[PDB]
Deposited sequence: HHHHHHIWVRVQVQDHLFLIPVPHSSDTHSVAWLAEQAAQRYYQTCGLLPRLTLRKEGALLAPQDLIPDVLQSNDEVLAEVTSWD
């Protein structure tokens, strides 16, 4: 089982990545944005960083992240 810790503003979310079409960085950013919307009613567009390094939205989660990695999400706009 794979899960990623994503910081969105002052909130830290444990987001699971369940298992056949592999999920992209963009999908993970979308999950984090929904988790953030569920807390406060604002829907951000997010770019993800791992230890300061930008994650490409089109890259696949298993190629750039391991279970329990921590990711910083940056709000680039509000939808």
property	result
Sequence ranges without modelled C-alpha atoms (deposited numbering)	1-5, 25
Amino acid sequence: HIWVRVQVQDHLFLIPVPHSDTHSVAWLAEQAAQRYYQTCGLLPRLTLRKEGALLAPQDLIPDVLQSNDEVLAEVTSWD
From here on, numbers count along this sequence of modelled residues.
{"item": "Higher-B stretch (mean Cα B-factor, as the entry records it), 20-28 or 5-13", "value": "20-28"}
{"item": "Third of the chain, ranked by Cα B-factor, where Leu43 sits", "value": "middle"}
{"item": "Within-chain third of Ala53 by Cα B-factor, per the entry", "value": "highest"}
